[PDB]
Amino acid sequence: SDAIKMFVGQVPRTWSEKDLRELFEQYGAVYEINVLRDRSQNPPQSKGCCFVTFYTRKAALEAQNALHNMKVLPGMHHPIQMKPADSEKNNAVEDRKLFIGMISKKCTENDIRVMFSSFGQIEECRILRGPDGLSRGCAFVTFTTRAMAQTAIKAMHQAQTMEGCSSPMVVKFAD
């Protein structure tokens, strides 16, 4: 597939980029390797992990299947751990999710879904509830794209006041 950067743990601290390139190129064409380093004192030192960027997702997956939880590198007591790098995380849910405040305590997950469905696809919707299942009068709504979240905000923030609520509905990005 398209290019992807993988995070790899349980790499010997003594290994350099050259050693890693050789390992990974068995599975696919590597774009570039970056050993994570600690420069807190002299000399800089490997943190025992690296980033490897493959040209294709297919290559990354094949390396993962071959290595992750499978191959134990020299001196290690645990096998390679391999997963997409944090830098590759894209639609963080955190930046797609709305806090909805000042909703009626009678409001159901379905009610909220229905109120906010016109603005996009809702991947998740949860009413916050206390111990006795009583609504805390708020919800989280996750859209699939933050863009749909921003649109719901503009349209729905303080647009109405619901039953029993002291102020209009609150619609904003969640903490």
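Numbering starts at 1 and runs along the sequence shown.
- Legend: mean Cα B-factor per stretch from the PDB entry, 41-49 versus 134-142; the higher mean is in 134-142.
- Just going by the entry, 143-151 versus 60-68 on mean CA temperature factor gives the higher value to 143-151.
- Looking at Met115, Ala29, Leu36, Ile33, the one whose CA carries the top B-factor in the deposited record is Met115.
- Residues shown: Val93, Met102, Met82, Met76. Highest C-alpha temperature factor in the entry: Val93.
- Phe119: CA B factor in the highest third of modelled residues in this chain (values from the PDB entry).
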